[PDB]
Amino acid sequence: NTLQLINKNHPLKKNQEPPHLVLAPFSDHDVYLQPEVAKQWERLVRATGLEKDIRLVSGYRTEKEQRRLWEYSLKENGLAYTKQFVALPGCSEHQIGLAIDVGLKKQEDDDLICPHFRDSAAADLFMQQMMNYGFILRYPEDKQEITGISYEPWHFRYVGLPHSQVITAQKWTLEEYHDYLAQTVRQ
């Protein structure tokens, strides 16, 4: 299911089957994603003409890898910073291969926790079109108390169409989207 809610309150199932994977294009290293996600990511980049401008920074990440990422951030940035920007192991969308971190292509010395993705024409254009290919901005600037994560302009979650367009037009989080669908079921 592409609409699955993964977060602090909704951790992935211990018993969940691992996702299907393929290697994704438009990165400078090996990044893996669910096939449909890779496919729509590629379509999105080609349609916007951003092959030269943006790069895929991070994709599928095992639970153990997520734990190591968190532990690194703790040692380097401290607990409070880490809780802000890194999902707890088992609570990360990266573990199911539906999330991408995106960055700029010639941004040297970029940060792995918080890839630079603002104040550039490539980022703006990407934000104009991503919803048309199944992606939403997962952690918007004024939704911290709902998502539990600070503003992350580099992090995108695949939900597929028309969900991405519906969510983006209401400036919703995936959390609010799920509550809306639950409410509308009772009819």
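Residue numbers here begin at 1 and follow the sequence given.
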{"property": "169 to 177 versus 7 to 15 - which carries the larger mean C-alpha B factor in the record", "result": "7 to 15"}
{"property": "Of 105 to 113 and 84 to 92, the stretch whose C-alpha atoms average the higher B-factor in the entry", "result": "105 to 113"}
{"property": "Among modelled residues of the same chain, the CA temperature factor third for residue 160", "result": "lowest"}
{"property": "CA B-factor placement of residue 22, once the chain's modelled residues are sorted into thirds", "result": "highest"}
{"property": "Third assignment of residue 54 from its chain's C-alpha B-factors", "result": "middle"}
{"property": "Position of residue 138 among the chain's modelled residues by C-alpha B-factor, lowest, middle or highest third", "result": "lowest"}
{"property": "Assigned third (lowest, middle, highest) for the C-alpha B factor of residue 149", "result": "middle"}
